[PDB]
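**Student:**
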Amino acid sequence: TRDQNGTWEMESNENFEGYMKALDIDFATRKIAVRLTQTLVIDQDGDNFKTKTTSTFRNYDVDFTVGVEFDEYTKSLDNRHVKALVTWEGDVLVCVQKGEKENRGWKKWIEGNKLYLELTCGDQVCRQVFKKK
Ligand SMILES: *C/C=C(C)/C=C/C=C(C)/C=C/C1=C(C)CCCC1(C)C
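Just so you know, the authors' numbering puts 45 at position 45 of the sequence shown, and the rest follows in order with no gaps.
#1: Given 8 Å as the limit, is there contact between the stretch 61-71 and the stretch 23-39, that is, 3 or more CB pairs closer than that?
#2: Looking at residue 133: is its Cβ nearer than 9 Å to the Cβ of residue 18?
#3: Return yes when at least one heavy atom of ligand 1 lies under 8 Å from the C-beta of residue 88, else no.
#4: Please specify which runs of the beta strand (DSSP E), each continuous and at least 3 residues long, are wholly inside the stretch 108-133, giving them in chain order.
#5: According to DSSP, simplified to helix, strand and coil, what is residue 105?
#6: With a threshold of 6 Å on Cβ separation, who are the neighbours of residue 94 within its own chain once the five nearest residues in sequence on each side are excluded?
#7: Please determine whether the Cβ atom of residue 109 lies at a distance below 8 Å from any heavy atom of ligand 1.
#8: What are the start and end residues of the alpha helix (DSSP H) that includes residue 75?
#9: For residue 60, list the residues DSSP reports as bridge partners.
#10: Could you tell me which of 43, 9, 42, 57 sits nearest to residue 30, measuring between CA atoms?
#11: If I measure Cβ to Cβ from residue 102 and keep anything under 8 Å in the same chain, skipping five residues before and after, which residues do I get?
#12: How is residue 25 classed by DSSP in three states: helix, strand or coil?
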């Protein structure tokens, strides 16, 4: 399925620290963030996505249209400009953020009743799993 609609709660988060270091997020932000349960809420209508990731701490809103290149300024992440593009490879949703960091982006797919999110930067891969609330 390409339907990723839902309120998804984080079950697991592997190597978030390595990914965040590859991004140059400061040590203290990394230390808080690694401990936090995330909730990802995806509103998907055709090609249009509206995403909100929420935690007790900081939140990140990301909206995009599949197949439509978009500028991003990653404020209160690593504060960089990237050229982002989200497309489908079969039922994997693939984001590539072109810019200063090598191999930036994330692969979003679907397996059984879970959402899998694989965040990449440089040589680092962070693997997250979410279940519907
Ligand atoms: C498809 C959903 C995506 C790509 C969600 C991405 C969320 C982030 C890149 C946010 C990461 C965060 C940190 C690295 C530090 C704490 C703040 C967060 C949780 C927004």
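For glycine and all other residues, C-beta sits at the position ideal for the given N, C-alpha and C.
**Tutor:** If we stick to the structure as given:
#1: Output reads no: the stretch 23-39 does not touch the stretch 61-71.
#2: With a cutoff of 9 Å on beta-carbon distance, residue 133 and residue 18 are scored as not near each other.
#3: no
#4: Those beta strand (DSSP E) runs which fall completely within the stretch 108-133 and span 3+ residues are 114-121, 124-132.
#5: strand
#6: 87, 107
#7: Answer for residue 109: no, Cβ out of range of ligand 1.
#8: Residue 75 -> no alpha helix (DSSP H), and no H or E assigned at all.
#9: 53
#10: 57
#11: 121, 122
#12: coil
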